[PDB]
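This report concerns only the one structure given below.
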Amino acid sequence: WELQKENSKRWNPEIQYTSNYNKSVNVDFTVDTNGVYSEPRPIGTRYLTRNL
Amino acid sequence: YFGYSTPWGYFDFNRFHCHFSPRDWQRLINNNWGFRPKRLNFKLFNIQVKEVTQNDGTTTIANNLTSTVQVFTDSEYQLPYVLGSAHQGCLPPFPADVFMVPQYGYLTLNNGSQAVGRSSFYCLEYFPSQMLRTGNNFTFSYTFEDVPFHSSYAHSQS
Amino acid sequence: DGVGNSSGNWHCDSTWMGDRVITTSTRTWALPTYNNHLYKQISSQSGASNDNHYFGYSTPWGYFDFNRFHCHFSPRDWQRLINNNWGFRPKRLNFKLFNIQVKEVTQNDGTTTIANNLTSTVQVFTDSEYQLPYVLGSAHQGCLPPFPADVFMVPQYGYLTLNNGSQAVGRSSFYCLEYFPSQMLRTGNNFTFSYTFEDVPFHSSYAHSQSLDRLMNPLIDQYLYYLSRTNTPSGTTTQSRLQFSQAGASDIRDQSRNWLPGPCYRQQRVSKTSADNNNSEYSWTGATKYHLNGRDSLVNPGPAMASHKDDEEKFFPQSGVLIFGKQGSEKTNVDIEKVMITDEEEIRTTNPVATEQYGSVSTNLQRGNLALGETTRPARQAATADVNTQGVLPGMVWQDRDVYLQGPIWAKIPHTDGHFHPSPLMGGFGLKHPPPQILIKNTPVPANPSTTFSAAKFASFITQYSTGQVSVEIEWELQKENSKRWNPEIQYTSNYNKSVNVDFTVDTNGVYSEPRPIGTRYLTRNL
Amino acid sequence: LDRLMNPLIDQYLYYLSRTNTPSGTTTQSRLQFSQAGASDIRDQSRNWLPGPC
Amino acid sequence: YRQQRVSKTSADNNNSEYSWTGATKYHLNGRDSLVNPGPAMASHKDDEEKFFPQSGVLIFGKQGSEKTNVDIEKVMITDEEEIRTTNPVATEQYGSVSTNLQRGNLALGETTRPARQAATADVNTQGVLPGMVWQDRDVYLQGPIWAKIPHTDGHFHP
Amino acid sequence: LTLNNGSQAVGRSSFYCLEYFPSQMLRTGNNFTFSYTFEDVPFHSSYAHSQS
Amino acid sequence: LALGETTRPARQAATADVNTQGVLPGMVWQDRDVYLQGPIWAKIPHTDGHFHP
Amino acid sequence: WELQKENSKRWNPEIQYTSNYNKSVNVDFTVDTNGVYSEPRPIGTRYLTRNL
């Protein structure tokens, strides 16, 4: 895959994709106690911001 | 809307009368099927900074010889692009006029009058810029990309 | 060189080359004349408490302080560093002064005139031999501002020396800063120097995905035994028969381990909810502190250790964390809502919790009732005591304090016969030869001497100050994150919901603010 | 070590200066923070500790 | 870091459960963890071989030893005594340290006239101090060859 | 084992899939080898002191 | 302040003098002086570990 | 300035120029609280001793 790197002068921070830090019975994107792997949510793409 | 006003000014030549004159325009318009721009050169020079002092009902203006003016051009297109919105503050049509330099500001995402997390803030002192003191000048050159000729003709058929 | 030529340009910018990163920043400064050109003795006042006495000297000189991270990184640049990397250290720096212009100010009646003084000089030196008291790294204010469009005043230089009470001692030193070769700059002159950081450990920008207490395989028992049970039921009344077990996954606390947590010096626990806390003044009597020469000194950062355990986030060590002010916070006695309290919890994996003991230690020697014609017949019993302070012990592992973008970059290790793990307790990189101090002064310009000779000192000078721009360029080395972790990491994110103001931005009045402390450790490593 | 720093400049760190506050006749607990100057010297934040004992 | 002393003769030991409440332990994140090996230190002094630290030695099983609650006769208790030369004995304190400041009775018009006296206290835990020498735990052919130092900002004598 | 709060996972807790590593597949008649060099480490002390 | 709790007694902040301190990270110290009629040197024992010999 | 170094077989110690170690309100050869620099005493020269 070829990547296009992000070059921006934006000052304030970007929005990023983050997994929640709170405690949970199961970890996201992981097998459960029965061995079944699951994907909790659709993960999109657009996060970093460009000016139009 | 939501946005930020900046201390910076900017130069706008984006109107044709900044370049052509009513006669020059006429040579273009009558004699040609079309045209496009190719290169440009830009220069700042004979820069002089004045300090202004107001005591009571009088105002004095004097040279400040050591003050600087700082200028940059963004060639990487990293700031919101204000030109091409048909704003005013172009170089005047008539060469003997003197013009004020417009203030730079930009808009970003809004929800109502409130900002959104994706909305951007740009600091223009975060760009390398050239500082000019009286006796210093600024230049750069630019090459237009290939673009279709404008059509200066009308059709004799439908 | 000249009156009408610029001495340098504005370089503020950041380049990420994938191994290194260079952060350049330029600011505008203003430099008064401090102490009306003359040195002064300073000391604590009269009946000040013994803990607060001091003796020293204030100087006419100013100094430049870039020692805070936000002088270099920007909230976005910081985010690229923090999310993508295991660590980092500084490499070289460049420093420049330029576009220097000196202004004379005249006050007649109710008006003030300011004019150029073209022939005046500003004089600047950096001490590369570390021959002056080193003020940087004390977390003083007067850094280059976070936001590049701000203008800052240059701080005044002063230092402390030995004291007995408010009085000097024979070993106390006096330093004259005009006794150093210094460079004099007139408008059209500029100053530069470069500096190379010594080899220093990368800061750890990661948190551990494991803790010492669970380091091992749940599925397999050990082959070591521990003492599981002591007495045994015999008839009605039990008797003592000691028995051993082999520690499994339900025994986890009992398993044998190769390592121990980092050391501790306790803190008192206060809660962010004002109703939970006791009603009294414990702010001093309850504080944790040391003393030299018979005078107590509070320990604010202390040794690095976690600020609270699971689901206690309400709490935090009394003195034991860094606390930052919100924009426009007053100096003294300001509310909990006006400060930003840093949170060290990511280190709970290794370091102890600051408000709880290192552990418990045995005290007496147990015995049994059984004896023959002995005064030793009383059986006593096993006793234990909480160890509230633990010095470093063989086989201990720990983590240093985090960095915190508005916190300190470095500090100078004192010059001493011995050190242990010279990492500054405020955080940052301990350096034997830090970036040198850059000292700056307005050269005096006497005003109208008398026509007949007088051997007395000049008390009358032209009132004046100077200004100009300062540029700092630091090169940072990065340690890239290589991990097989499957699930996603935690990242630093700005909220996507609507808000009146954007975080890390100027408001409608033009005031730039930093909403929260931004830490470092996000990406996770296994221990 | 205990005096290592600049007397003339305050720090930018805060410490917990005062715990309770007068309320009516009988005080209540409201914790307040101060920023350590030259009269606070014992309260300032420091990077180092004395040797062992 | 002290251990409790238990004797291999079951009649000498107290009748109770001290196996946990009496154990030496640390805690991270608010949960106690027994320290089995502990820092390396001798298991007993001269002619005490009957005794040994509660958790403080490696214990190996004899061939065919059951997992849980197995007798003293089914285990093999290692003996660290060869280190008594340098390291402290695990069941006894590092030493004693002064506490108060002594003075005399003699004073003139003073409330300080009571003479007090010299006091001292056993130091049950000692962190590393300048000028200390020690010996590491022995190897023990059925014991471990190596371990991984955690990846951390600092270590001491890994 | 990984981070826990009680018996529950925490957001920083990690999941490792071991099929996500290049691994060598061996069929009867295939063998596996590798070599390793220990880093410099102090000699163990196999001696006792004749002095205290 | 508590509601239906046996934890209502407020206790108070307590502290204790530390009479022995082992080396802790971030400590600096000075060695004993020499004293012209005192010792020049000594032999470090041969041992698995030392600290600041 | 050219220096002439001191070569002597004297056994006992020389007299030296020393600043007093006792506490004092002001340090010798230093500015005071008003910024005035003062020299407390004449400092001579002859200290080291030669045989005649």
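The way I read the labels, and the way they are meant: chains A, B, ... in the order of the structure tokens, residue 1 as the first residue of every chain, and ligand 1 as the first ligand shown, with later ones counted on from there.
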Checklist entry - Hey, what's within 7 Å of residue 10 in chain D if we count only C-alpha atoms and toss same-chain stuff fewer than 2 positions away? As a PyMOL selection string, please? => result (chain C and resi 140-141) or (chain D and resi 8+12+36-37)
Using only C-alpha atoms and a distance of at most 7 Å, pull out the residues of chain G that contact chain C, as a CSV table (one decimal) with N, CA and C atoms, in the first residue's frame.
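What ended up in selection_30.csv:
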chain,number,residue,atom,x,y,z
G,1,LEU,N,-18.1,14.0,57.3
G,1,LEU,CA,-19.3,13.9,56.7
G,1,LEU,C,-19.5,12.5,56.1
G,10,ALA,N,-13.8,11.6,61.8
G,10,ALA,CA,-13.0,12.3,60.7
G,10,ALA,C,-11.5,11.9,60.7
G,12,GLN,N,-7.7,12.3,61.1
G,12,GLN,CA,-6.9,13.5,60.9
G,12,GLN,C,-5.5,13.2,60.3
G,13,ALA,N,-4.8,14.2,59.7
G,13,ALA,CA,-3.6,13.9,59.1
G,13,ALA,C,-2.5,13.6,60.1
G,14,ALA,N,-1.7,12.5,59.9
G,14,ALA,CA,-0.7,12.1,60.8
G,14,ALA,C,0.6,12.0,60.0
G,15,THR,N,1.7,12.0,60.8
G,15,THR,CA,3.0,12.0,60.1
G,15,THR,C,4.1,11.4,61.1
G,21,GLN,N,17.0,6.5,56.0
G,21,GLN,CA,16.6,6.6,54.6
G,21,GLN,C,17.6,5.9,53.7
G,22,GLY,N,17.2,4.9,53.0
G,22,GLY,CA,18.0,4.3,51.9
G,22,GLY,C,18.0,5.2,50.7
G,23,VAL,N,18.9,4.9,49.8
G,23,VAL,CA,19.1,5.7,48.6
G,23,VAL,C,17.8,5.6,47.8
G,24,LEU,N,17.4,6.8,47.3
G,24,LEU,CA,16.1,7.0,46.6
G,24,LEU,C,16.4,7.7,45.3
G,25,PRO,N,15.6,7.5,44.2
G,25,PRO,CA,16.0,8.2,43.0
G,25,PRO,C,15.9,9.7,43.0
G,26,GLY,N,17.0,10.3,42.5
G,26,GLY,CA,17.0,11.8,42.6
G,26,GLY,C,17.7,12.3,43.8
G,27,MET,N,18.6,11.6,44.4
G,27,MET,CA,19.4,12.0,45.6
G,27,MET,C,20.8,12.4,45.2
G,28,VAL,N,21.3,13.4,45.9
G,28,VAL,CA,22.7,13.8,45.7
G,28,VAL,C,23.4,13.9,47.1
G,29,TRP,N,24.6,13.5,47.1
G,29,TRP,CA,25.3,13.5,48.4
G,29,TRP,C,26.8,13.8,48.2
G,30,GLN,N,27.5,14.0,49.3
G,30,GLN,CA,29.0,14.2,49.3
G,30,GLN,C,29.6,13.1,50.2
G,31,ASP,N,30.8,12.6,49.8
G,31,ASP,CA,31.6,11.6,50.5
G,31,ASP,C,32.3,12.3,51.7
Checklist entry - Any idea what's packed within 9 Å of range 36-50 of chain F, counting only C-alpha atoms, ignoring anything in its chain fewer than 2 positions away? Could you give it as a ChimeraX atom specification? => result /E:82-83,85-86,135-136,138-139 /F:34,52 /G:47-48
Next on the checklist: Select, as a ChimeraX atom specification, those residues of chain A with any atom no more than 9 Å from chain C (distances computed using only C-alpha atoms).
Outcome noted: /A:9-21,27-30
Export C-alpha atoms of the chosen residues as a PDB file, in the first residue's frame?
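The resulting file, selection12.pdb, is reproduced below:
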ATOM      1  CA  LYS A   9      -0.001  23.771   9.843  1.00  0.00           C
ATOM      2  CA  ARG A  10      -3.055  23.257  12.044  1.00  0.00           C
ATOM      3  CA  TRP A  11      -2.295  24.429  15.575  1.00  0.00           C
ATOM      4  CA  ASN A  12      -4.876  22.752  17.811  1.00  0.00           C
ATOM      5  CA  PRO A  13      -5.002  18.948  18.072  1.00  0.00           C
ATOM      6  CA  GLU A  14      -6.685  16.605  15.600  1.00  0.00           C
ATOM      7  CA  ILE A  15      -9.423  14.127  16.317  1.00  0.00           C
ATOM      8  CA  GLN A  16      -7.998  10.600  16.489  1.00  0.00           C
ATOM      9  CA  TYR A  17      -9.417   7.104  16.730  1.00  0.00           C
ATOM     10  CA  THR A  18      -9.185   5.962  20.341  1.00  0.00           C
ATOM     11  CA  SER A  19     -10.234   2.945  22.346  1.00  0.00           C
ATOM     12  CA  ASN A  20     -11.989   3.855  25.583  1.00  0.00           C
ATOM     13  CA  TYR A  21      -9.862   3.728  28.727  1.00  0.00           C
ATOM     14  CA  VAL A  27     -11.716  -5.801  25.211  1.00  0.00           C
ATOM     15  CA  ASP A  28     -12.776  -4.338  21.876  1.00  0.00           C
ATOM     16  CA  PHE A  29     -11.597  -6.277  18.816  1.00  0.00           C
ATOM     17  CA  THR A  30     -10.763  -9.399  20.794  1.00  0.00           C
TER      18      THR A  30
END
Item to check | Which of chain D DSSP labels strand (DSSP E), written as a list in words | outcome: residues 14, 15, 16, 17, 18, 19, 20, 21, 28, 29, 30, 31, 32, 33, 34 and 35 of chain D
Next on the checklist: Need to verify the contact set: residue 21 in chain D, 12 Å, only C-alpha atoms, exclusion of same-chain residues closer than 2 positions in sequence. Can you return it as a ChimeraX atom specification?
Outcome noted: /C:274,278-281,333,335 /D:17-19,23-32
Item to check | Counting only C-alpha atoms, chain F residues within 12 Å of chain A, as a ChimeraX atom specification | outcome: /F:2-17
Item to check | Exercise answer, chain C residues close to chain B, 8 Å and only C-alpha atoms, as a list in words | outcome: residues 3, 4, 5, 6, 8, 9, 10, 11, 12, 13, 25, 99, 101, 111, 116, 148, 149, 187, 494, 495, 496, 497, 498, 499, 500, 501, 502 and 505 of chain C
Item to check | Selected residue of minimal separation from chain G among E:152, E:102, E:63, E:87, counting only C-alpha atoms | outcome: E:87
Checklist entry - What lies within 6 Å of residue 70 in chain C using only C-alpha atoms, ignoring chain neighbours under 5 positions off, as number ranges by chain? => result C: 146, 405-406
Show me, as a PDB file with N, CA, C and O atoms, in the first residue's frame, the residues of chain E whose atoms get within 6 Å of chain C, using only C-alpha atoms for the distance check.
ATOM      1  N   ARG E   2      12.445  -7.562  56.128  1.00  0.00           N
ATOM      2  CA  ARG E   2      12.413  -8.700  57.045  1.00  0.00           C
ATOM      3  C   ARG E   2      11.423  -9.774  56.629  1.00  0.00           C
ATOM      4  O   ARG E   2      10.459  -9.540  55.898  1.00  0.00           O
ATOM      5  N   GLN E   3      11.674 -10.971  57.150  1.00  0.00           N
ATOM      6  CA  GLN E   3      10.810 -12.130  57.055  1.00  0.00           C
ATOM      7  C   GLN E   3      10.419 -12.541  58.466  1.00  0.00           C
ATOM      8  O   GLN E   3      11.083 -12.184  59.438  1.00  0.00           O
ATOM      9  N   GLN E   4       9.324 -13.279  58.579  1.00  0.00           N
ATOM     10  CA  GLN E   4       8.993 -13.927  59.837  1.00  0.00           C
ATOM     11  C   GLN E   4       9.751 -15.242  59.953  1.00  0.00           C
ATOM     12  O   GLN E   4      10.019 -15.913  58.956  1.00  0.00           O
ATOM     13  N   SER E  10       7.620 -28.505  64.350  1.00  0.00           N
ATOM     14  CA  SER E  10       6.261 -27.978  64.380  1.00  0.00           C
ATOM     15  C   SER E  10       5.816 -27.545  65.770  1.00  0.00           C
ATOM     16  O   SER E  10       4.879 -26.749  65.883  1.00  0.00           O
ATOM     17  N   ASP E  12       7.574 -25.808  67.974  1.00  0.00           N
ATOM     18  CA  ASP E  12       8.108 -24.510  68.363  1.00  0.00           C
ATOM     19  C   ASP E  12       7.247 -23.367  67.855  1.00  0.00           C
ATOM     20  O   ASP E  12       7.245 -22.285  68.448  1.00  0.00           O
ATOM     21  N   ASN E  13       6.526 -23.588  66.767  1.00  0.00           N
ATOM     22  CA  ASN E  13       5.799 -22.542  66.075  1.00  0.00           C
ATOM     23  C   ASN E  13       4.490 -22.224  66.788  1.00  0.00           C
ATOM     24  O   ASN E  13       3.920 -23.053  67.498  1.00  0.00           O
ATOM     25  N   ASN E  14       4.019 -20.999  66.592  1.00  0.00           N
ATOM     26  CA  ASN E  14       2.785 -20.563  67.223  1.00  0.00           C
ATOM     27  C   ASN E  14       1.601 -21.322  66.636  1.00  0.00           C
ATOM     28  O   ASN E  14       1.656 -21.844  65.520  1.00  0.00           O
ATOM     29  N   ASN E  15       0.514 -21.375  67.400  1.00  0.00           N
ATOM     30  CA  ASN E  15      -0.710 -22.021  66.942  1.00  0.00           C
ATOM     31  C   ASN E  15      -1.672 -20.910  66.530  1.00  0.00           C
ATOM     32  O   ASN E  15      -2.292 -20.260  67.369  1.00  0.00           O
ATOM     33  N   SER E  16      -1.833 -20.739  65.218  1.00  0.00           N
ATOM     34  CA  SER E  16      -2.658 -19.704  64.602  1.00  0.00           C
ATOM     35  C   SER E  16      -2.423 -19.770  63.101  1.00  0.00           C
ATOM     36  O   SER E  16      -1.573 -20.529  62.634  1.00  0.00           O
ATOM     37  N   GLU E  17      -3.160 -18.950  62.348  1.00  0.00           N
ATOM     38  CA  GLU E  17      -2.762 -18.694  60.964  1.00  0.00           C
ATOM     39  C   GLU E  17      -2.070 -17.341  60.907  1.00  0.00           C
ATOM     40  O   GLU E  17      -2.691 -16.279  60.926  1.00  0.00           O
ATOM     41  N   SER E  19       0.170 -17.502  58.232  1.00  0.00           N
ATOM     42  CA  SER E  19       0.722 -17.754  56.904  1.00  0.00           C
ATOM     43  C   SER E  19       0.503 -16.589  55.955  1.00  0.00           C
ATOM     44  O   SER E  19       1.264 -16.431  54.997  1.00  0.00           O
ATOM     45  N   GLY E  22       0.826 -12.782  58.916  1.00  0.00           N
ATOM     46  CA  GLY E  22       2.192 -12.603  59.356  1.00  0.00           C
ATOM     47  C   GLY E  22       3.215 -12.490  58.258  1.00  0.00           C
ATOM     48  O   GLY E  22       4.390 -12.251  58.543  1.00  0.00           O
ATOM     49  N   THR E  24       5.393 -11.197  54.936  1.00  0.00           N
ATOM     50  CA  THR E  24       5.939  -9.941  54.451  1.00  0.00           C
ATOM     51  C   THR E  24       5.589  -9.768  52.981  1.00  0.00           C
ATOM     52  O   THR E  24       5.682 -10.708  52.187  1.00  0.00           O
ATOM     53  N   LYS E  25       5.132  -8.574  52.631  1.00  0.00           N
ATOM     54  CA  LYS E  25       4.508  -8.375  51.335  1.00  0.00           C
ATOM     55  C   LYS E  25       4.523  -6.903  50.963  1.00  0.00           C
ATOM     56  O   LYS E  25       4.682  -6.032  51.817  1.00  0.00           O
ATOM     57  N   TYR E  26       4.371  -6.644  49.671  1.00  0.00           N
ATOM     58  CA  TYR E  26       4.199  -5.302  49.138  1.00  0.00           C
ATOM     59  C   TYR E  26       2.803  -5.180  48.554  1.00  0.00           C
ATOM     60  O   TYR E  26       2.031  -6.138  48.559  1.00  0.00           O
ATOM     61  N   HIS E  27       2.462  -3.999  48.048  1.00  0.00           N
ATOM     62  CA  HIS E  27       1.291  -3.973  47.191  1.00  0.00           C
ATOM     63  C   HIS E  27       1.391  -2.891  46.135  1.00  0.00           C
ATOM     64  O   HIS E  27       1.890  -1.794  46.387  1.00  0.00           O
ATOM     65  N   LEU E  28       0.903  -3.233  44.951  1.00  0.00           N
ATOM     66  CA  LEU E  28       0.690  -2.318  43.849  1.00  0.00           C
ATOM     67  C   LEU E  28      -0.802  -2.132  43.659  1.00  0.00           C
ATOM     68  O   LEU E  28      -1.566  -3.093  43.756  1.00  0.00           O
ATOM     69  N   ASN E  29      -1.210  -0.898  43.392  1.00  0.00           N
ATOM     70  CA  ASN E  29      -2.571  -0.623  42.959  1.00  0.00           C
ATOM     71  C   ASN E  29      -3.572  -1.133  43.995  1.00  0.00           C
ATOM     72  O   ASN E  29      -4.703  -1.496  43.674  1.00  0.00           O
ATOM     73  N   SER E  33       0.828  -8.459  47.645  1.00  0.00           N
ATOM     74  CA  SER E  33       1.476  -9.587  47.000  1.00  0.00           C
ATOM     75  C   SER E  33       2.591 -10.089  47.893  1.00  0.00           C
ATOM     76  O   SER E  33       3.490  -9.327  48.251  1.00  0.00           O
ATOM     77  N   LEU E  34       2.532 -11.367  48.246  1.00  0.00           N
ATOM     78  CA  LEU E  34       3.596 -11.982  49.021  1.00  0.00           C
ATOM     79  C   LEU E  34       4.920 -11.862  48.281  1.00  0.00           C
ATOM     80  O   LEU E  34       4.964 -11.900  47.052  1.00  0.00           O
ATOM     81  N   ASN E  36       8.070 -13.972  47.845  1.00  0.00           N
ATOM     82  CA  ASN E  36       8.708 -15.203  48.294  1.00  0.00           C
ATOM     83  C   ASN E  36      10.227 -15.110  48.415  1.00  0.00           C
ATOM     84  O   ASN E  36      10.753 -15.188  49.528  1.00  0.00           O
ATOM     85  N   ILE E  59      11.777 -23.156  47.940  1.00  0.00           N
ATOM     86  CA  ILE E  59      11.366 -24.452  48.459  1.00  0.00           C
ATOM     87  C   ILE E  59      11.025 -25.348  47.283  1.00  0.00           C
ATOM     88  O   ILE E  59      10.162 -25.011  46.467  1.00  0.00           O
ATOM     89  N   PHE E  60      11.697 -26.484  47.200  1.00  0.00           N
ATOM     90  CA  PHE E  60      11.527 -27.465  46.145  1.00  0.00           C
ATOM     91  C   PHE E  60      10.764 -28.665  46.677  1.00  0.00           C
ATOM     92  O   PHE E  60      10.857 -29.007  47.855  1.00  0.00           O
ATOM     93  N   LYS E  67       0.182 -30.997  44.968  1.00  0.00           N
ATOM     94  CA  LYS E  67       0.133 -29.555  44.758  1.00  0.00           C
ATOM     95  C   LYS E  67      -0.072 -28.784  46.057  1.00  0.00           C
ATOM     96  O   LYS E  67       0.695 -27.870  46.368  1.00  0.00           O
ATOM     97  N   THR E  68      -1.105 -29.120  46.821  1.00  0.00           N
ATOM     98  CA  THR E  68      -1.623 -28.224  47.845  1.00  0.00           C
ATOM     99  C   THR E  68      -1.493 -28.809  49.247  1.00  0.00           C
ATOM    100  O   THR E  68      -1.724 -30.003  49.460  1.00  0.00           O
ATOM    101  N   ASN E  69      -1.099 -27.952  50.191  1.00  0.00           N
ATOM    102  CA  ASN E  69      -1.106 -28.238  51.627  1.00  0.00           C
ATOM    103  C   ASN E  69      -0.366 -29.531  51.962  1.00  0.00           C
ATOM    104  O   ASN E  69      -0.897 -30.443  52.592  1.00  0.00           O
ATOM    105  N   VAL E  70       0.878 -29.590  51.537  1.00  0.00           N
ATOM    106  CA  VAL E  70       1.682 -30.790  51.695  1.00  0.00           C
ATOM    107  C   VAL E  70       2.698 -30.558  52.809  1.00  0.00           C
ATOM    108  O   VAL E  70       3.164 -29.438  53.032  1.00  0.00           O
ATOM    109  N   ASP E  71       3.029 -31.629  53.529  1.00  0.00           N
ATOM    110  CA  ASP E  71       3.777 -31.554  54.778  1.00  0.00           C
ATOM    111  C   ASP E  71       5.221 -31.115  54.579  1.00  0.00           C
ATOM    112  O   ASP E  71       5.783 -31.179  53.486  1.00  0.00           O
ATOM    113  N   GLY E 127      16.900   0.272  52.874  1.00  0.00           N
ATOM    114  CA  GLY E 127      17.230   0.418  51.479  1.00  0.00           C
ATOM    115  C   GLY E 127      18.710   0.609  51.292  1.00  0.00           C
ATOM    116  O   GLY E 127      19.445   0.897  52.227  1.00  0.00           O
ATOM    117  N   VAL E 128      19.152   0.442  50.048  1.00  0.00           N
ATOM    118  CA  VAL E 128      20.575   0.516  49.761  1.00  0.00           C
ATOM    119  C   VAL E 128      21.110   1.882  50.147  1.00  0.00           C
ATOM    120  O   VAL E 128      20.438   2.907  49.986  1.00  0.00           O
ATOM    121  N   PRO E 150      12.568  -6.285  33.332  1.00  0.00           N
ATOM    122  CA  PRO E 150      11.483  -5.519  32.726  1.00  0.00           C
ATOM    123  C   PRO E 150      12.033  -4.321  31.978  1.00  0.00           C
ATOM    124  O   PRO E 150      13.134  -3.845  32.243  1.00  0.00           O
ATOM    125  N   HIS E 151      11.260  -3.832  31.025  1.00  0.00           N
ATOM    126  CA  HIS E 151      11.689  -2.680  30.252  1.00  0.00           C
ATOM    127  C   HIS E 151      11.115  -1.468  30.964  1.00  0.00           C
ATOM    128  O   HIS E 151       9.909  -1.228  30.913  1.00  0.00           O
ATOM    129  N   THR E 152      11.980  -0.697  31.611  1.00  0.00           N
ATOM    130  CA  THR E 152      11.556   0.336  32.542  1.00  0.00           C
ATOM    131  C   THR E 152      12.599   1.438  32.558  1.00  0.00           C
ATOM    132  O   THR E 152      13.724   1.262  32.091  1.00  0.00           O
ATOM    133  N   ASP E 153      12.203   2.591  33.096  1.00  0.00           N
ATOM    134  CA  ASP E 153      13.098   3.738  33.128  1.00  0.00           C
ATOM    135  C   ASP E 153      14.306   3.494  34.009  1.00  0.00           C
ATOM    136  O   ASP E 153      15.386   4.023  33.733  1.00  0.00           O
ATOM    137  N   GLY E 154      14.166   2.693  35.047  1.00  0.00           N
ATOM    138  CA  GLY E 154      15.288   2.442  35.930  1.00  0.00           C
ATOM    139  C   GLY E 154      15.212   1.086  36.581  1.00  0.00           C
ATOM    140  O   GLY E 154      14.137   0.510  36.753  1.00  0.00           O
ATOM    141  N   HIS E 155      16.380   0.592  36.964  1.00  0.00           N
ATOM    142  CA  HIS E 155      16.586  -0.698  37.589  1.00  0.00           C
ATOM    143  C   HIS E 155      17.524  -0.444  38.747  1.00  0.00           C
ATOM    144  O   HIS E 155      18.188   0.590  38.804  1.00  0.00           O
ATOM    145  N   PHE E 156      17.613  -1.380  39.677  1.00  0.00           N
ATOM    146  CA  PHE E 156      18.779  -1.386  40.540  1.00  0.00           C
ATOM    147  C   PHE E 156      19.269  -2.806  40.705  1.00  0.00           C
ATOM    148  O   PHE E 156      18.542  -3.658  41.220  1.00  0.00           O
ATOM    149  N   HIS E 157      20.501  -3.040  40.286  1.00  0.00           N
ATOM    150  CA  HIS E 157      21.203  -4.302  40.423  1.00  0.00           C
ATOM    151  C   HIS E 157      20.300  -5.406  39.902  1.00  0.00           C
ATOM    152  O   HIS E 157      19.757  -6.193  40.684  1.00  0.00           O
ATOM    153  N   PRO E 158      20.098  -5.482  38.594  1.00  0.00           N
ATOM    154  CA  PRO E 158      19.029  -6.320  38.050  1.00  0.00           C
ATOM    155  C   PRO E 158      19.298  -7.804  38.182  1.00  0.00           C
ATOM    156  O   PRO E 158      19.313  -8.517  37.178  1.00  0.00           O
TER     157      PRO E 158
END
Item to check | Exercise answer, chain D residues close to chain G, 12 Å and only C-alpha atoms, as a ChimeraX atom specification | outcome: /D:1,19,28-29,46-53
Write the residues of the preceding selection, restricted to N, CA and C atoms, as a CSV table (one decimal), in the first residue's frame.
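Listing of out-v6.csv after writing:
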chain,number,residue,atom,x,y,z
D,1,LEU,N,20.9,22.5,48.5
D,1,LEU,CA,19.7,22.0,47.7
D,1,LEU,C,18.5,22.8,48.0
D,19,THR,N,-6.0,24.7,53.6
D,19,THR,CA,-6.9,23.6,53.6
D,19,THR,C,-8.4,24.0,54.0
D,28,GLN,N,-14.9,25.7,57.7
D,28,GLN,CA,-15.1,24.5,56.9
D,28,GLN,C,-14.0,24.3,55.9
D,29,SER,N,-13.9,23.1,55.3
D,29,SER,CA,-12.7,22.7,54.6
D,29,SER,C,-12.9,23.0,53.1
D,46,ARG,N,11.0,21.1,43.7
D,46,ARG,CA,12.5,20.9,43.5
D,46,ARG,C,12.7,19.6,42.8
D,47,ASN,N,13.8,19.6,42.1
D,47,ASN,CA,14.2,18.4,41.3
D,47,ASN,C,15.0,17.3,42.1
D,48,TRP,N,15.5,17.7,43.2
D,48,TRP,CA,16.5,16.8,43.8
D,48,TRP,C,16.2,16.7,45.3
D,49,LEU,N,16.8,15.7,46.0
D,49,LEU,CA,16.7,15.4,47.4
D,49,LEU,C,18.0,15.2,48.0
D,50,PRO,N,18.1,15.4,49.4
D,50,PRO,CA,19.4,15.2,50.1
D,50,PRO,C,19.8,13.8,50.1
D,51,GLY,N,21.1,13.6,50.4
D,51,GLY,CA,21.6,12.2,50.5
D,51,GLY,C,21.0,11.5,51.7
D,52,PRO,N,21.3,10.2,51.8
D,52,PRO,CA,20.7,9.3,52.7
D,52,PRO,C,21.2,9.5,54.2
D,53,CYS,N,20.6,8.8,55.1
D,53,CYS,CA,21.0,8.9,56.5
D,53,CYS,C,20.8,7.6,57.3
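Here CA of residue 118 in chain C and CA of residue 188 in chain C stand 9.6 Å from one another.
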